[PDB]
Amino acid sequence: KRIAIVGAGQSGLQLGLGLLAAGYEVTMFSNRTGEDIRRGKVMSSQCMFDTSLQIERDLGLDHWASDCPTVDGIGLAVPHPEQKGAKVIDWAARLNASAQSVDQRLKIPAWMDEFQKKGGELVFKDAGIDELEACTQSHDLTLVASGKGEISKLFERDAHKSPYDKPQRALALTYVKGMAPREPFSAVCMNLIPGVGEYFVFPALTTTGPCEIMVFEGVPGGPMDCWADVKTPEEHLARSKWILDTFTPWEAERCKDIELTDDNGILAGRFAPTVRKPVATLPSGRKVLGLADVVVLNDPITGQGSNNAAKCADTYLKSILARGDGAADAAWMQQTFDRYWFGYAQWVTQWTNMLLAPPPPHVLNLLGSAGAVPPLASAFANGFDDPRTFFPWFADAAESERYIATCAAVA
């Protein structure tokens, strides 16, 4: 009945609040104050689809639902190789239920406040092995929910579940005000630049109100691997507009008057997709369980990290509650992760790792057919809510043709 969590992030706080509500005692380690998180740099574009949002609703944690703009569809565009400034693919499809992007700068600090108000023990320290050794002696279970923090490397990389050992994209974020709203409905507007990268943009809620978030992913060494020489916010905004002018002029028409939401509404970085073994053993022989990005870390190209974090914390909470007074031993830890991985995250991860690679012919045919077969576009869009629904037709050519036929027959 006493649980410790290292890392006051999305999964750690969602889990901790769920545990307090179920009557557990929870100790949490945070390496930052709430206000420094609110005013520091953005961490994500955190587009959460309806199933993830519902996990939050069900815990009573959808505190921004009324004020956050809804994201109501997915759009996909590809530049026309010949015609200047035109697209050869340009379609959209509605989500069956809205997505929402609530800035983690808002959400994480407010959930830290709620955690304390609900009786959690917040401890402020950059935690290391010594804190984990202490926690495992005074608590029935200790989780590491540290995201991309260095302590996450305590867990052993799972080579067989990690096909990549290098970053597959160069990343940047720019949060802006003044973008022309998308009509007639909002969407994740996905621009796929063949051989170069991707630009995604959608509305969100941040610390100065509603905005849109521009998301840039560049094939390393290509024209959109282009943030190294950017050293000021102003240079960042300018490089952002430069990308749209150069590769997606249709989107640049929406951005004639964009400004940064704030000077810290920017980010640039990269990382390798990595899966890790969930059970780490400390020097003392005691054991800790990794959560969410500590054990399954994906490139953001499919917008699944925050969705994975919510779904992972839900699965771990259910497993803790079902265990009761049972021992939180390594077997239980491993089985808890196994259910998440084999039941769900392996399919999110396989799909995302496929999309980082160059698209094979059957995939380009799927993307093209979706522009003329609205049921297939709808399947694409709503697959973002449960990427299991892409298999096997997205990854295999013969099955892709069968599914196109199924969709065509009901259009």
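A residue's number is simply how far along the shown sequence it sits, counting from 1.
Judged by mean Cα B factor in the deposited record, 163 to 171 ranks above the other of 206 to 214 and 163 to 171.
Of the two segments, 337 to 345 and 216 to 224, the one listed with the higher mean B-factor is 216 to 224 (C-alpha atoms only). For the set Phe247, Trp111, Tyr199, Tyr316, the maximum C-alpha B-factor listed in the entry falls on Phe247. Looking at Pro278, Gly73, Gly265, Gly149, the one whose CA carries the top B-factor in the deposited record is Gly149. Placement of the Cα temperature factor of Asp293 within the chain: lowest third of the modelled residues, per the deposited record. Annotation for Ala327: CA B-factor lies in the highest third of the chain's modelled residues. In the deposited entry, the Cα temperature factor of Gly119 sits in the top third of values across the chain's modelled residues. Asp299: CA B factor lies in the lowest third for its chain, per the PDB record. In the PDB entry, a CA B factor belonging to the middle third of its chain's modelled residues is recorded for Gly368.
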